[PDB]
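Have a look at the structure below, then the notes.
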Amino acid sequence: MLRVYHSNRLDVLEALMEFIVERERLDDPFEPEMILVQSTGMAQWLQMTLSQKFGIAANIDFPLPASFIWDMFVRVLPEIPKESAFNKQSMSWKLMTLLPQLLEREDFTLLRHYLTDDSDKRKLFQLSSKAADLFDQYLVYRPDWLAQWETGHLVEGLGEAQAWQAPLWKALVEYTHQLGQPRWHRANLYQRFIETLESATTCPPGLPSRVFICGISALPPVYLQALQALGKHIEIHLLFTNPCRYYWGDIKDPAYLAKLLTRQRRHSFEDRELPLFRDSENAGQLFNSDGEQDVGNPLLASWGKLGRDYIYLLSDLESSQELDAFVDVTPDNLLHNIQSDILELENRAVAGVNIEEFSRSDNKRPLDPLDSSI
Amino acid sequence: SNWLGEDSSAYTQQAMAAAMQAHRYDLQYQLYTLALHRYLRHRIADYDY
Amino acid sequence: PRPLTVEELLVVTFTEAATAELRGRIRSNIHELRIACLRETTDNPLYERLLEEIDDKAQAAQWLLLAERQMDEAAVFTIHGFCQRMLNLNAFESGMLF
Amino acid sequence: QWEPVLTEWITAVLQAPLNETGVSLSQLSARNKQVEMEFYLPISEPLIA
C-alpha cells in the first residue's frame with residue numbers, strides 16, 4: 001500500500017495534503033508529522049501554505065531521506081547505534097592513518113609516486129578526502145561491489161583502479177574492526193532490514209502512522225525498495241510532479257510492455273492510460289531495444305532524461321496504488337500553447353518534407369501580435 | 001541567561017519583575033499562549049482553555 | 001576508419017572570440033546540414049556535394065541530431081584550457097593537487 | 001576546571017519546585033516532552049501598534 005499521486009502542477013498536490021490531514025487526525029498531540037524534503041525553500045513554502053489554510057502549522061519535522069532511512073533502521077532493528085560509524089569525514093581521518101602503512105604493497109606504485117615527492121600532508125589529505133567521497137557514493141548507490149570486496153573477490157567487466165580501491169576498503173574494514181567501533185553499516189544493513197520486515201507481524205513498535213514525500217524527483221533504487229517494503233505496514237504517500245500525461249518512459253523486454261498494462265485510477269471516477277492501447281503499444285512508439293524514439297515534443301525528448309529514469313523506476317513496483325489527478329490548460333497565449341503541447345505529448349513542428357507543405361505556410365497556429373507571454 | 005548577578009539578592013521576585021518591564025518580555029506571554037492555543041484547538045478535540 | 005563523435009574532435013583555437021565564432025558557425029552548419037538532409041534538396045554547392053556523397057539519409061539525420069544535442073559540451077578550446085583539464089584528469093601521472 | 005561547579009549547578013537547577021505540581025523536572029519521562037517547537041501565525045487586517 002504505497003499511494004503515488006501523479007499530477008501536473010503543485011497547487012493540486014497541495015490540496016491533496018490538506019484534504020488528508022483534515023479528514024483524519026493524529027491522536028497524541030506530541031506525535032510529530034514527518035515530511036521528506038530536499039532543500040529549505042520547499043519547507044518554507046509548505047509551512048506557509050499549511051499555516052495560511054489552517055491557522056497554524058507547528059511541530060512538523062523535515063528530515064533528509066537518508067536520515068529518515070537510518071532512523072527507521074535504528075527504530076526497527078535492535079542494538080543499532082543512533083548514527084553510523086562510517087561518516088563522510090571519519091573515513092577520511094581513518095584513511096589518513098591507514099595509507100602510509102598500506103603503502104609499499106606492489107599495487108600502490110601510483111600512490112607512491114604521487115606521495116613521495118614531498119610531504120606537508122596536503123596531497124595525502126586531498127587523496128584521502130576524495131577516496132572517502134567516492135566510498136560514500138558507493139555506499140549510497142551500489143553496495144554489491146563493497147559486498148564482494150569484503151571477502152576480497154574481483155568483479156568482471158569493470159575498469160581499472162579496482163586493484164587499488166578494493167584492498168583499501170578491506171584494510172579500512174579491518175582497521176575499524178580493530179578499534180572496536182560498531183560494525184553495522186548501510187551496505188549490509190538494508191538486506192537484513194527488508195528480510196525481517198517482509199515476513200513478520202503487522203504490529204511493529206514505535207513506527208509513525210503516516211509520512212508524506214513532497215518535492216522529490218531523485219531517489220535511489222535501494223531507497224525505493226526500502227520504502228516499498230515499509231509501505232506494507234504503514235500508510236505512505238508519494239507526490240511526483242511530472243509534466244507529461246501518458247507514459248513517457250523506456251522499455252526492457254518485448255513481453256515487459258505487455259506487463260506494463262497496469263491500471264491507473266482516476267482520483268474519484270474511473271481508469272485512464274495512454275491512448276491506442278495495442279497499436280501504439282507494440283508499434284514504433286516503443287523501440288525494440290531502448291526507449292521511445294518518437295517521444296513527442298522534442299523539448300521533452302531532449303530535456304527529460306532524469307524524469308524518464310524516475311518514471312521508469314516508479315513504473316516497476318508491485319504493491320503500489322498508482323492514481324492520477326491532472327488539470328487541463330487552454331491554448332490562448334504562447335506560453336499556454338507550449339505548455340499544452342508538452343502536456344498532451346504531441347508534435348507541432350513544421351519540417352517541410354514535401355513540396356506542397358513547403359510551399360503553403362498556412363497550417364501552423366496563428367499568433368496575436370500583441371502577445372507578451374514569452 | 002542574562003547579566004552578571006554577582007549577588008543572589010539581585011534575582012528576587014521584585015528585581016525580575018522590574019527587569020520584565022525594563023526589557024518588555026511581556027509580549028512573549030500573549031504571543032506564545034495564543035500560538036499554543038491555536039495548535040491545541042486543532043489537535044485536541046473538545047478542548048477547554 | 002570510423003565515424004567519430006562530438007566530444008572526440010579536439011580543436012585548439014587561438015583566441016576566445018575566435019572560439020565563440022567557431023562554435024556558432026559549427027552549430028549553424030550542423031543545423032543547416034540536418035535540415036537539408038531531411039528535405040533532400042539544398043542550394044549551397046558544398047551541401048549539394050555532401051548530400052550526393054551521403055547514402056543513408058535517415059542515419060545521417062539521426063547522427064546530426066545527436067551531434068546538435070551533444071554540442072553544449074563540444075571541445076573547441078584553447079591550449080591553456082586543454083592542458084589544465086589534462087593535468088586535472090591525469091593528476092596521478094602528473095603530480096598535482098585537486 | 002569549571003566541571004565541579006557546573007555538575008552541582010545542573011543538579012540544583014534540575015530540582016526546583018515550579019508550580020506545586022509537575023515540579024522537579026527529573027520526574028518527567030520522554031513521552032511527555034517536546035523540545036524546540038516552531039510555529040507560524042498568519043495575520044491579515046494590518047496590526048496597528
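Chain labels follow the order of the C-alpha cells: the first chain is A, the next B, and so on; residue numbering restarts at 1 in every chain, and ligands are counted from 1 in their shown order.
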(request) Would you please give, as a list in words, all residues of chain D that DSSP assigns to helix (DSSP H, G or I) based on the backbone? (result)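 Taking chain D and keeping helix (DSSP H, G or I) gives residues 3, 4, 5, 6, 7, 8, 9, 10, 11, 12, 13, 25, 26, 27, 30, 31 and 32 of chain D.
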Give the residues of chain B that lie within 8 Å of chain A; count only C-alpha atoms, and format the answer as a PDB file with N, CA, C and O atoms, in the first residue's frame.
```
ATOM      1  N   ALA B  35      -0.278  31.220  20.315  1.00  0.00           N
ATOM      2  CA  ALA B  35       0.253  30.235  19.379  1.00  0.00           C
ATOM      3  C   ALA B  35      -0.030  28.812  19.846  1.00  0.00           C
ATOM      4  O   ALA B  35      -0.403  27.950  19.044  1.00  0.00           O
ATOM      5  N   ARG B  38      -3.889  28.041  19.525  1.00  0.00           N
ATOM      6  CA  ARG B  38      -4.314  27.776  18.154  1.00  0.00           C
ATOM      7  C   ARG B  38      -3.855  26.409  17.660  1.00  0.00           C
ATOM      8  O   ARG B  38      -4.413  25.896  16.685  1.00  0.00           O
ATOM      9  N   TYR B  39      -2.854  25.813  18.304  1.00  0.00           N
ATOM     10  CA  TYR B  39      -2.421  24.461  17.982  1.00  0.00           C
ATOM     11  C   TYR B  39      -3.229  23.417  18.741  1.00  0.00           C
ATOM     12  O   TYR B  39      -3.542  22.350  18.195  1.00  0.00           O
ATOM     13  N   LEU B  40      -3.578  23.711  19.998  1.00  0.00           N
ATOM     14  CA  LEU B  40      -4.401  22.782  20.768  1.00  0.00           C
ATOM     15  C   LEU B  40      -5.810  22.677  20.200  1.00  0.00           C
ATOM     16  O   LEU B  40      -6.401  21.591  20.200  1.00  0.00           O
ATOM     17  N   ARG B  43      -5.410  20.193  17.407  1.00  0.00           N
ATOM     18  CA  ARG B  43      -5.032  18.824  17.749  1.00  0.00           C
ATOM     19  C   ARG B  43      -6.065  18.135  18.641  1.00  0.00           C
ATOM     20  O   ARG B  43      -6.605  17.087  18.277  1.00  0.00           O
ATOM     21  N   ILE B  44      -6.347  18.709  19.808  1.00  0.00           N
ATOM     22  CA  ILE B  44      -7.203  18.057  20.795  1.00  0.00           C
ATOM     23  C   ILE B  44      -8.656  18.415  20.498  1.00  0.00           C
ATOM     24  O   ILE B  44      -9.032  19.590  20.517  1.00  0.00           O
TER      25      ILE B  44
END
```
(request) Pick out the residues sitting within 12 Å of residue 49 of chain C, and hand them over as a list in words; count only C-alpha atoms, and ignore anything fewer than 4 positions along from it in its own chain. (result)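 Near neighbours after the sequence-gap exclusion: residues 33, 36, 37, 40, 41, 42, 43, 44, 45, 53, 54 and 55 of chain C.
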(request) May I ask you to extract the residues of chain D within 7 Å of chain A, using only C-alpha atoms, and to give them as a list in words? (result)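 Residues passing the distance filter: residues 34, 37, 38, 39, 40, 41 and 42 of chain D.
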Writing out the chosen residues with C-alpha atoms as a PDB file, in the first residue's frame:
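File written: selection16.pdb
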```pdb
ATOM      1  CA  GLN D  34       8.603  18.069  23.033  1.00  0.00           C
ATOM      2  CA  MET D  37       8.816  23.801  18.542  1.00  0.00           C
ATOM      3  CA  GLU D  38       8.280  26.253  15.679  1.00  0.00           C
ATOM      4  CA  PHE D  39       5.033  27.985  14.727  1.00  0.00           C
ATOM      5  CA  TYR D  40       3.520  30.319  12.128  1.00  0.00           C
ATOM      6  CA  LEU D  41       0.676  32.810  12.675  1.00  0.00           C
ATOM      7  CA  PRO D  42      -0.879  34.330   9.528  1.00  0.00           C
TER       8      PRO D  42
END
```
Chain A contacts to chain C at 9 Å (only C-alpha atoms) as a CSV table (one decimal) with N, CA and C atoms, in the first residue's frame:
```
chain,number,residue,atom,x,y,z
A,110,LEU,N,51.5,3.8,-8.0
A,110,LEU,CA,51.0,5.1,-8.5
A,110,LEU,C,50.9,6.0,-7.3
A,111,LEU,N,50.3,5.5,-6.2
A,111,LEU,CA,50.2,6.4,-5.0
A,111,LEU,C,51.6,6.7,-4.4
A,113,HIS,N,54.4,7.1,-6.1
A,113,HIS,CA,54.9,8.1,-7.0
A,113,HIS,C,54.2,9.5,-6.8
A,114,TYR,N,52.9,9.4,-6.4
A,114,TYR,CA,52.2,10.6,-6.1
A,114,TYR,C,52.6,11.2,-4.8
A,115,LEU,N,53.0,10.4,-3.8
A,115,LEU,CA,53.2,10.8,-2.5
A,115,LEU,C,54.6,11.2,-2.1
A,117,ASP,N,57.0,12.7,-3.4
A,117,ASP,CA,57.7,13.9,-3.9
A,117,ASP,C,58.1,14.7,-2.7
A,122,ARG,N,49.5,17.6,2.4
A,122,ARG,CA,48.5,18.2,1.6
A,122,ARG,C,47.9,17.2,0.6
A,123,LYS,N,48.9,16.6,-0.1
A,123,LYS,CA,48.5,15.6,-1.2
A,123,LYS,C,47.8,14.4,-0.5
A,126,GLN,N,44.2,15.5,0.5
A,126,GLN,CA,43.3,15.6,-0.6
A,126,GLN,C,42.9,14.2,-1.2
A,127,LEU,N,43.9,13.3,-1.3
A,127,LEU,CA,43.6,12.0,-1.8
A,127,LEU,C,42.7,11.2,-0.8
A,130,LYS,N,39.1,12.7,-1.3
A,130,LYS,CA,38.5,12.2,-2.5
A,130,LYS,C,38.1,10.7,-2.4
A,302,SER,N,14.5,15.9,-25.4
A,302,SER,CA,15.9,16.4,-25.2
A,302,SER,C,16.2,16.8,-23.8
A,351,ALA,N,8.2,20.7,-40.7
A,351,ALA,CA,9.5,20.4,-41.3
A,351,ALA,C,9.6,20.8,-42.7
A,352,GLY,N,8.6,20.5,-43.5
A,352,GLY,CA,8.6,20.7,-44.9
A,352,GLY,C,9.1,19.5,-45.7
A,353,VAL,N,8.6,18.4,-45.5
A,353,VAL,CA,9.1,17.1,-46.1
A,353,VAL,C,8.8,17.1,-47.6
A,354,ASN,N,7.7,17.7,-48.0
A,354,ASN,CA,7.3,17.7,-49.4
A,354,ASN,C,7.0,19.1,-49.9
```
(message) Among segment 190-313 of chain A, which ones does DSSP assign to strand (DSSP E or B) (computed from the backbone)? Answer as a PyMOL selection string.
(response) chain A and resi 210-213+235-241+264-266+271-272
(request) Go ahead and compute the interatomic distance for atom CA of residue 34 of chain B and atom CA of residue 3 of chain B, in Å to one decimal. (result)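 Atom-to-atom, atom CA of residue 34 of chain B to atom CA of residue 3 of chain B, that is 29.2 Å.
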(request) Have a look at C:10, C:76, C:64, C:50 and name the one nearest to residue 22 of chain C; count only C-alpha atoms. (result)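 Closest to residue 22 of chain C of all the choices is C:76.
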(request) Would you list the contacts of segment 269-278 of chain A as number ranges by chain, taking every protein, DNA or RNA residue within 12 Å and counting only C-alpha atoms, but skipping same-chain residues closer than 3 positions in sequence? (result) A: 244-249, 257-258, 260-266, 281-286, 322-326, 344-345
(message) I want to know what sits within 12 Å of segment 198-200 of chain A, based on only C-alpha atoms, with residues of the same chain fewer than 6 positions away left out; could you give that as JSON, numbers by chain?
(response) {"A": [76, 190, 191, 192, 225, 226, 227, 228, 229, 230, 231, 232, 233]}
(request) With a distance cut-off of 12 Å and only C-alpha atoms, select the neighbouring residues of residue 338 of chain A, excluding the residue or stretch itself and same-chain residues fewer than 4 positions from it, and output the selection as a PyMOL selection string. (result) chain A and resi 243+297-300+329-334+342-349+365+373-374
Go ahead and save the residues from that selection, with N, CA, C and O atoms, as a short mmCIF file (atom, residue, chain, number, x, y, z; two decimals), in the first residue's frame.
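The result, written out as selection_13.cif:
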```cif
data_model
loop_
_atom_site.label_atom_id
_atom_site.label_comp_id
_atom_site.auth_asym_id
_atom_site.auth_seq_id
_atom_site.Cartn_x
_atom_site.Cartn_y
_atom_site.Cartn_z
N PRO A 243 5.60 16.40 -15.97
CA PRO A 243 4.98 17.30 -16.95
C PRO A 243 4.06 16.59 -17.93
O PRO A 243 3.01 17.12 -18.29
N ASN A 297 7.10 15.75 -28.05
CA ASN A 297 7.73 17.05 -28.06
C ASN A 297 9.25 16.91 -28.05
O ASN A 297 9.79 16.21 -27.18
N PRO A 298 9.97 17.52 -29.00
CA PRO A 298 11.44 17.48 -28.97
C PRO A 298 12.03 18.10 -27.72
O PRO A 298 13.10 17.66 -27.27
N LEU A 299 11.38 19.11 -27.15
CA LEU A 299 11.85 19.70 -25.90
C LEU A 299 11.83 18.67 -24.77
O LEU A 299 12.81 18.53 -24.03
N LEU A 300 10.73 17.93 -24.64
CA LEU A 300 10.64 16.87 -23.64
C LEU A 300 11.66 15.78 -23.91
O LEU A 300 12.37 15.34 -23.00
N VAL A 329 -5.21 22.72 -19.51
CA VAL A 329 -4.95 24.12 -19.78
C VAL A 329 -5.49 24.45 -21.16
O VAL A 329 -5.53 23.59 -22.05
N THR A 330 -5.93 25.70 -21.35
CA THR A 330 -6.48 26.06 -22.65
C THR A 330 -5.46 26.86 -23.45
O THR A 330 -4.70 27.65 -22.88
N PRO A 331 -5.37 26.64 -24.77
CA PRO A 331 -4.42 27.40 -25.59
C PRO A 331 -4.97 28.76 -25.96
O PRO A 331 -5.85 28.88 -26.83
N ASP A 332 -4.47 29.80 -25.31
CA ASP A 332 -4.78 31.17 -25.68
C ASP A 332 -3.54 32.03 -25.86
O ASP A 332 -3.52 32.90 -26.74
N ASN A 333 -2.50 31.81 -25.06
CA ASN A 333 -1.24 32.52 -25.21
C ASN A 333 -0.16 31.60 -25.76
O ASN A 333 -0.37 30.40 -25.95
N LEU A 334 1.01 32.19 -26.03
CA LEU A 334 2.15 31.41 -26.49
C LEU A 334 2.62 30.43 -25.42
O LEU A 334 2.89 29.25 -25.71
N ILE A 342 3.26 20.39 -24.60
CA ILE A 342 4.11 19.50 -23.81
C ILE A 342 3.26 18.48 -23.05
O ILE A 342 3.56 17.28 -23.04
N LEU A 343 2.18 18.95 -22.42
CA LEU A 343 1.34 18.08 -21.60
C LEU A 343 0.62 17.02 -22.42
O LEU A 343 0.52 15.86 -22.00
N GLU A 344 0.11 17.39 -23.59
CA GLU A 344 -0.65 16.44 -24.40
C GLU A 344 0.24 15.44 -25.13
O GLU A 344 -0.28 14.45 -25.66
N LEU A 345 1.55 15.69 -25.16
CA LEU A 345 2.54 14.85 -25.84
C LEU A 345 2.22 14.70 -27.33
O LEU A 345 1.92 13.62 -27.84
N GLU A 346 2.27 15.83 -28.03
CA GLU A 346 2.03 15.88 -29.46
C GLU A 346 3.09 16.75 -30.12
O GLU A 346 3.66 17.64 -29.48
N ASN A 347 3.35 16.49 -31.40
CA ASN A 347 4.33 17.25 -32.15
C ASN A 347 3.64 18.32 -32.99
O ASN A 347 2.62 18.05 -33.63
N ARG A 348 4.19 19.53 -32.96
CA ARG A 348 3.60 20.65 -33.67
C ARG A 348 4.67 21.44 -34.43
O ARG A 348 4.58 22.67 -34.55
N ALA A 349 5.68 20.75 -34.94
CA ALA A 349 6.76 21.39 -35.68
C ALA A 349 6.60 21.12 -37.17
O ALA A 349 6.31 20.00 -37.59
N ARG A 365 -0.22 27.47 -36.12
CA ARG A 365 -1.19 28.18 -35.30
C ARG A 365 -0.91 29.67 -35.33
O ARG A 365 0.25 30.08 -35.18
N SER A 373 3.71 37.05 -23.59
CA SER A 373 3.97 35.96 -22.66
C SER A 373 5.46 35.63 -22.60
O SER A 373 6.08 35.70 -21.54
N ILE A 374 6.05 35.26 -23.74
CA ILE A 374 7.46 34.91 -23.82
C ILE A 374 8.18 35.96 -24.65
O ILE A 374 7.79 36.23 -25.80
#
```
(message) Given only C-alpha atoms as the basis, pick out the residue of B:6, B:47, B:37, B:23 nearest to chain D.
(response)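 Looking only at the distances to chain D, the closest residue turns out to be B:37.
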(request) Name the residues in contact with segment 167-184 of chain A at a cut-off of 7 Å, using only C-alpha atoms, excluding same-chain residues fewer than 2 positions from it; report them as a list in words. (result)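 The contact residues come out as residues 85, 149, 150, 164, 165 and 189 of chain A.
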(request) To one decimal in Å, tell me the separation between atom CA of residue 87 of chain C and atom CA of residue 158 of chain A. (result) 24.3 Å
(request) Check the smallest atom-to-atom distance from each of A:212, A:138, A:287, A:193 to residue 46 of chain A using only C-alpha atoms, then report the winner. (result)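 Looking only at the distances to residue 46 of chain A, the closest residue turns out to be A:212.
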